[PDB]
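First comes one chain, alone, set out as structure tokens in the form deposited in one PDB entry.
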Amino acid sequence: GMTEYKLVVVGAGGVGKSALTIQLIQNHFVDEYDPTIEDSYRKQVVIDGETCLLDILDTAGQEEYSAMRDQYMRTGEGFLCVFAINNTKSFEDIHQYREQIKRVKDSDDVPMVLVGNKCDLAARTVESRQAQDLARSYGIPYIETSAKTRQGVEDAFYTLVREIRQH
């Protein structure tokens, strides 16, 4: 049948990372969620005219279980590496997430996207040029998203699927 893509969200905690998958998967248009329901993290979508199933792993809230990162990352085919645009430390953490994904996957060329997330109205401290330059240094796309308006959210996940398809 249709292709299933196993996508994994990684990134610092405490800075609204979970809004990316929630807004995707949501009833886009009813602001509501029960994460405990069976397949609150599976979504059938059409990308460039080809239907597929996204299975998204987002372990937001488990960041302190730092020795489980490999156990969780090993499940994934593509990765969203998320930082918050008002949290410079979360941006600085990206390099190490990327190194750990390369190590678990035993590959220098794992499908991944860099995502800069706007999780509140607090002042931005990472400029888009800084994040574009980082993404370009890694050879991966950069997408910015809003945690409140759903802007950028479909682009982040669809861009990752395109990276997998074109790998």
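Just so we're on the same page, rigid core means the largest C-alpha set that superposes within 1.5 Å between forms. Position 1 is the first residue in the sequence shown; the rest follow in order.
The discussion below concerns the form deposited in another entry, not included here.
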item	value
Flag for residue 123, CA shift 2 Å or larger between the shown form and the other one after aligning core	yes
Per-residue C-alpha change between the shown form and the other one, residue 44, threshold 2 Å, rigid core fit	no
Did residue 14 shift 2 Å or more between the shown form and the other one, C-alpha, core superposed	yes
Note on residue 27-residue 23 C-alpha separation in the other entry, which departs from the shown form by 3 angstroms or more	closer
Closer or farther: C-alpha pair residue 42/residue 34 in the other entry, relative to this form, given a change of 3 Å or more	farther
